[PDB]
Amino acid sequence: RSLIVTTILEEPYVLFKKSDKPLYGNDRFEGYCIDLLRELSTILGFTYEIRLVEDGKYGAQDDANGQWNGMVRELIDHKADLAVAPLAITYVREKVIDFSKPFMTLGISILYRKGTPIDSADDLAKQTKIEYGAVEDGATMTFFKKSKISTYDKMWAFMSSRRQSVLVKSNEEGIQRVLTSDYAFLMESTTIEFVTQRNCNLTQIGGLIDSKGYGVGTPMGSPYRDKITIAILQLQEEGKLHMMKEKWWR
């Protein structure tokens, strides 16, 4: 029937739409990814319902029991037909789900307060006073966990040794720690752009640590993946994706 689309709350990609009049169905949400989903639905001819991922996670594999979680696991378990969210396309996820071509490109970087001598991941990694970390079970944490690059392997050893104290459960928690304590938050450049424009005391530190894209996730072998890619390429070529980014970041 209608497709079930899982997502996760992350400003400005997906928000609860605030309104005085009761809101119903898909109108309860808004954001760049909500606009994307709508365009996908009219281009390809489907109807849908939005569900918030139940365990509140993007998706990582638990290496004690091999189990994936988050939106990734919902796709694996066929609890959702699509995942439409700021969902990073990654090699490890590609082994268990499929992605469309990217609708946005980005990289990991560092969010920290302005007016300090910290300039690079290296400045963070070579010291143990300033804490740093990422959202638990997200692709940024997983990048550090998998890295063979010495600066990032060292950073992961640090984060992992202090996991409960330095990994946070959300973007908002990470940002609040930066605003209030001696903390640097590893996060994606697209989201950094949004945050720094609204918190004038915050800044990106250094450049991009990797390069990746966000894509729409599907269960592996889904006939929707290639169709979604065709729709995304059309929105890109016509300038619609760029217009949506302007709408939600400006």
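Start at 1 and count along the sequence shown; that's the residue number.
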request  = Averaging only over Cα atoms, indicate whether 59 to 67 or 34 to 42 has the higher B-factor in the PDB entry.
outcome  = 59 to 67
ask   = Which has higher Cα B-factors on average according to the PDB entry: 88 to 96 or 143 to 151?
value = 143 to 151
key: Criterion, highest CA B-factor; candidates, 157, 108, 135, 83   = 157
task = Pull the Cα B-factor of residue 27 out of the PDB entry and bin it into the chain's lowest, middle or highest third.
result = highest
message = When the deposited Cα B-factors of this chain's modelled residues are ordered and cut into thirds, is residue 20 in the lowest, the middle or the highest one?
response = highest
message = Taking only the Cα B-factors deposited for this chain, tell me whether residue 238 sits in the lowest, middle or highest third.
response = highest
ask   = Once the chain's modelled residues are ordered by C-alpha B factor and cut into thirds, is residue 76 in the lowest, middle or highest one?
value = middle
ask   = Of the three thirds of its chain by CA temperature factor, lowest, middle or highest, which one includes residue 211?
value = middle
